[PDB]
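For reference, the structure is listed below as structure tokens.
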DNA sequence: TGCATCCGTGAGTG
DNA sequence: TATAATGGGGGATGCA
RNA sequence: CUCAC
Ligand SMILES: Nc1ncnc2c1ncn2[C@@H]1O[C@H](COP(=O)(O)OP(=O)(O)OP(=O)(O)O)[C@@H](O)[C@H]1O
Ligand SMILES: [Mg+2]
Ligand SMILES: [Zn+2]
């Protein structure tokens, strides 16, 4: 019945919430709070869990509701402004693959994850140049500290926030 | 045979124009059945395709008109004299 | 629009359509029904 | 209106060809840094900034002026594309 | 150039025309009560008479304007083509004219007053029918017209 | 250059030729992780990657892998734009009639 | 119900509503269809809209474009011109300068003037009944919020001043600019394409005076 | 034409 | 000050409570103040008595009650709740077998209450339930459009309470019948009622073409049972004609007072039309084992005698106001209370037959969900439930007095033709002939007349004084339309001496149509000229000189008047501007006599005669629905003796108890260098200086912080990568301080949200590890200020979860509302309008030294072009301008009644009394006549305005009596070559301003599927370049501009990103690629099993998807 | 005579 | 997983 | 529902 399929037992729980809250409303003369529900449910039930259960019990709505999907932006795809700066960040950065070197501007690539997407520790990285976890460190900090001096003279990367 | 403007617009050779007009289903079915190809001749076709319309600056009559200064026009005619 | 021989590439059909349509829509805001009937 | 637009309409057999010529010449001037201009310093269109008279950034206006001078050749099948591109980029670097 | 209520000059021929109209109306009513004419002939003749009178008072307005007040703002704007037309000016100075019944037929009782003189609630209410019908006419025809436009564009775009 | 646009009838074989995998479950996305379901209406194994050059389980995570379908989850690592492109399909039991050509 | 919902018998609706679900037919066909809504007419960037107003001091090929609108509509050009001079380090900083209203200096409004020199804009009023429903105009930067429109063109657009509004559009290319300046310029389109008679003619005040 | 009545 | 009023007509009865159409309706529906023992069977009571008792166990209804609202009105507006009262009902369970009796008071939910002004408060927003006009129930007889000599009889019940029955006589002599799109001879149905052939010749029996033409032997040869069975087989193909099914269906569709319900009004209507009586709101009944008839036979009798030549038989006009009725708020609320009750009864029936047929209680047997959902649906989604128009006090009043023909149960947009839109002759004094929207809604949405009221049957009543013989009585007789059509009704202005008709001949009306009649043949008379118009229409002075097409505009444009901070009553009034302020409940008055104890800007304390000390809180700067600040200001000083019904406070757009929509200004009617071209308006800068046309506008900026599967959103003052310069006006929590200047781009409320798997890609990881500062886990999602918005923060509302009294929606932690008010001065673009239709945009703002001024240095304020006058035919504004000119020097304000107002010679007299003050002061001041005034006098003498051979004083008097004066152009000093009309005019600033409507967009949000820019200023959307604009660019031949408009500036993602990147670097734009929405089209066609192929010239497929859709 | 299909544009607000 | 329960709740035009 | 036509 649901667009978002829910495990049967969970559905049963939600139904229990519905009937309980309905009873509470019928007897109080008003709608119940999370606390009254949590109390009437029994042990192990607090307001938080009731609220969360009600949060996952939400039915998604249609886009073509008189449309509703026309007032909804596309957060995924990069805009021209986004695509621009990202294409200006890489540009103003491979200006640093230069000033450094070939192996310097690569320990940083593994460490920061430019190549594989994941950050390789100075441990794993040692098995690609032979060096141990303290020539790598000096290999890294020589890069950054040099790049830090390459800053404040080109002063390009500041605003890039 | 005299035909109304609507019927004549739907009976056109282009299935894109006919579909974009009215009776989209009735047009698309009979178009897909006959394996119809749209030559992209009219305006609405090239509009849907997002191409340059075959009218005005997009007319083939004036599309490929070239502009060259006499200085360069002569500067190229020298190398194209001998070998 | 320029009182001279038409420039090649002129979208004649669109101009005609708008030239017939414009008065009708404006002279609304046994006339138009007859026009449509024709 | 546009300066001497009647003359330009007299130059062509269709106004759209004129438009194409103007646009293409504008792109030509824009890509070569105006160096390929057939205008003399006194004929060069100018804008009045807070500093003073500087050359007009609008390459379209430039194209129309140059077209008014009569120092431009128009028509179809005059010169192959790649040849014109190569030679012009040679004479006026980018 | 300005607009005052005294710029809506009521021609002096109006009273005479209304009198003659009333006496002819009386003559046709004599031709009705006595059974000399039917109810069709009566209504038609009344309509014709009042339209004719309307024309008369229009010509009177424009003539008096031309001869006695050639620089009158209304006459100026009307003649020059700046704003206004003979009918509207006639409504402003002469009479409002005959009005429309909601069905489409015409009230045999015209609106003798003008905007300068001021109408009665009855005349106003009578005019409201025609005004309403006009607005509805516009609103209902616009769609048809635009539709036609799109048809033409579609049939001639190539 | 494009100068023609042809419309034609799609055979079941053509439909399967477009497709990248049969949709078997009427399930949309995970009701907890908010990720798509396996063989569902939003499965990435069929339609394509959700993020640019990244699989589901996060194994192959960048452009060094492209076209390489993961083994653990089974998702290709191309541009995430492909989910606006790659067609799916549903293999019916008893064939049905296209309502257009009928009515 | 998937291909053409509501075609045969009754249309399938979601529980709790009498609303037929949008099938693949309802998406493509209709005035709200994909064709008439997204192929034969789209929404565009580099386009603004404002209440118009009469600008008698304007020449036939001119219009009064507010500096606020012109700022946004010519933003990418301006970000370049602010780098070619020195009002900003680069383009990103230049854009992050115009973000907050307080951070806008005075040299910006001059650089913007330096940008739009020669290039024109396109004024459009709905309903665009004919070709002259959209016309090209050389923009003149003004204060306030309203767009100043030439009097003589108020007949083609059918634009009075009882609360009307117009939309602006910016030809980007050196081709789109030439098309507008040569073919779409109001001073070039004096006569009517329908009858041949002058459409840009003295009316109202202009007549009343003479 | 009605699946319900037809099935009934 | 001196207030001079005209008019000779003595209006007897005053205007009825203008909001009573909803008050008296809803209050009659609920009857909460009436003890349940003395309640009539109307409204909620009738709903309970129609739904109950429940047949299976038998659940029976006893009584109901309404409690007090859990939250007050202002608190409901505050916390986004509904102003409602808890409903309880006493139900008893009766076991029809045993006799078991269990009784309990069940809670059915809440019912939204109507406030004092006749509005509602649903989910924190004010709303109005507009009354609905519809074709009244009963029996009608319309001529068959296909057959001229024949007539169709129609039986109409209340909407969704029965089907429509047609009795079209088919071409065969015998009458047929049409129900539920089916058709069958009426004979068979006639047999079921127990009608023998003799009863059809005895009761009827007159025309052998109809009476004996109905009789067919092949139907008479069967018992009522057999005939009933046959008809059941005729109506439902597939259902076995069982005797207990046919009776159930037929009864349940015609004779059952549950599914079929004729109107009470409809009852009386049918009773009067057929000349009979009806035992109940139904066509037939089940009595004594068989069926007994009530309606069908007299209906047939009337129908057959209509085809003949019988007196008393006429065709009914369906647009008649005697055959059309008004369903008010109470009835509309009832029809959604009955449905929600019938669904509750279903939940009861489906629970009485399973569970425990002895161990049940009215408590656990009743589920009120469908009822709550029903009422909530009617108040939160109905077409007649509208967002309240409380721009100014008048707007809400009009909104509540409007009448819609649309909505569920009425007409659709395509169902509305010409006839329903027209102004019927019976609209006289009931429905305003003037007040109606211009456009597609004309004739559908209307308004109620001033003296008009709706009776118990839903019909509109209009008052008429009785005239017996010749004496006009003070007895006022409210009549309906059909009641009006009986007598001859003279006009209200007809000459009267005391209480006697003095006119030798009077102008009267017989059935709407006008007729000149003698004073003896006069039975009734109009009570006032104001009775035939709306409220806004009655606020237009000199309306008898205004054209309807512009008067309509006048009325609709008053509604849009923004409450000015220096608002003032017009110098020319009609009289209603006081009552309107009264009934709108914007101003504050005294309940009893006494003395004011204290006066403050926040409160007013009064010591009454009763000795009781009452404190009246003043509503200070409250934001209405449309943004116009509704603020009350005190008008009394400490210790002021006050009588009953006296003013205590002035609401927004209200001055001393008078309606102050706009302001009185010095206007000169003349052209001005083109800045007056086409309705445009030129204003003096002296209007902005003394704050004329300046108003306060408030805008709320709500924000939510919720719990995510990534982490909680925190309202903080800590925002990553920011500066103190941007966080200056924020408090310690992160909310903007109260009383700060906010501009576009400024942070109103700080907020941080955790990023997902967007944990910086190595391009950003490396940058972070380069700049030294590490990447945070929270990102800036702070509520900023939209471009073009701003003002001063006056209020902050912070609601949280875990704080006493407030529980938010599931998932949401905390909600913050920033109230930002602004003081808007008049500027270039704002729309001004008078009460006569004249409107325009402020085109030019001139300094005072350029303004055409009077010779005594006094400059004008507004310059209105005369060209906007002749074609618009609205001379009322001119007549307002002259008397206004007189009122500017005499220091007077006037009350000129509608159609019985200030005539020309009286204005001449007043102007003559004004000229002596305007001119006479200068002659004893050591000043004669100016030199240029003589030139103006020369030209004017040539204009035929003044008399040749007269002193300049006399001639200038002749000009001043014509409303014209000498005007000096400030730019030169030289006079205008002629006399200009200058006076005082009531001009209002309208809701349409440029600060709102000015919008621009370089780039921004795109739609999901289409990838095309959004639509709207709020979403920073682009302008739609529709089909017609494309037709324009095509007609021009602008190919590349069109291609730009179709690609780079729209959905060509590659092309658009490349374009922006091309412009920001100073390059020429790239060649556009194929649109994304076209690919969307292709895939949407493939999903329809259609192979769309983009081929080249060799018919070989070209991939526009670029190897992304192919395996 | 039944069914299916059309019925103007752009923009604002909740 | 086992009392028994068995059939629902406008408006005009083109085309077959 | 409102603005413009
Ligand atoms: N844009 C709107 N803004 C405010 N109220 C609206 C709007 N559209 C409709 N309404 C309300 O709905 C009532 C009428 O709506 P109607 O049903 O005619 O529109 P609709 O059918 O929803 O339009 P569409 O089908 O284009 O969405 C109006 O009288 C008004 O109360
Ligand atoms: Mg306008
Ligand atoms: Zn993986």
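Residue numbers (full-length UniProt numbering), protein chains in the order written: chain A, 255 to 320, 328 to 422; chain B, 1420 to 1502; chain C, 1210 to 1238, 1254 to 1262; chain D, 2 to 95; chain E, 947 to 1104; chain F, 4 to 106; chain G, 580 to 789; chain H, 78 to 85; chain I, 1 to 56, 64 to 1118. Ideal placement from N, C-alpha and C gives every residue a C-beta, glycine not left out.
Check whether residue 60/D and residue 92/D have beta carbons under 8 Å apart: no
DSSP three-state assignment for residue 161/I, whether helix, strand or coil: strand
Cβ-based neighbour list, residue 1464/B, same chain, cut-off 7 Å, excluding 5 preceding and 5 following: 1433, 1435, 1436, 1457
Chain G contact for residue 1027/E (CB, 8 Å cutoff): yes
Inter-residue Cα distance where the pair is residue 243/I and residue 470/I: 51 Å
DSSP three-state assignment for residue 63/I, whether helix, strand or coil: Because residue 63/I lies between 56 and 64, and chain I jumps straight from the first to the second, it has no atoms in this structure.
For ligand 3, residues whose Cβ lies under 7 Å from any non-hydrogen atom: 58/F, 59/F, 60/F, 61/F, 62/F, 63/F, 73/F, 75/F, 76/F, 78/F
First and last residue of the uninterrupted alpha helix (DSSP H) at residue 1102/I: Per DSSP, residue 1102/I belongs to no alpha helix (DSSP H); it is in the beta strand (DSSP E), 1097-1102.
Which of helix, strand or coil DSSP assigns to residue 367/A: helix
CB contact check: residue 260/A to chain F, cutoff 8 Å: yes
Reduced DSSP secondary structure (H/G/I, E/B, other) of residue 595/I: strand
For residue 1453/B and residue 91/F, the rounded distance between their alpha carbons: 26 Å
Alpha-carbon spacing of residue 181/I relative to residue 240/I, whole angstroms: 21 Å
Counted within 10 angstroms of its Cβ, other Cβ atoms place residue 862/I as buried (16 or more) or exposed: buried
Extent of the continuous alpha helix (DSSP H) run through residue 1039/E: 1032-1039
CB contact check: residue 1472/B to chain D, cutoff 8 Å: no
Per-residue contacts from residue 1212/C into chain E (C-beta, under 9 Å): None at all; the shortest Cβ gap to chain E is about 23 Å.
Pairwise C-alpha distance: residue 356/I and residue 102/I: 14 Å
Cutoff 8 Å: residue 1229/C Cβ touching any chain B Cβ: no
Near ligand 2: residue 742/G beta-carbon under 7 Å from a heavy atom: yes
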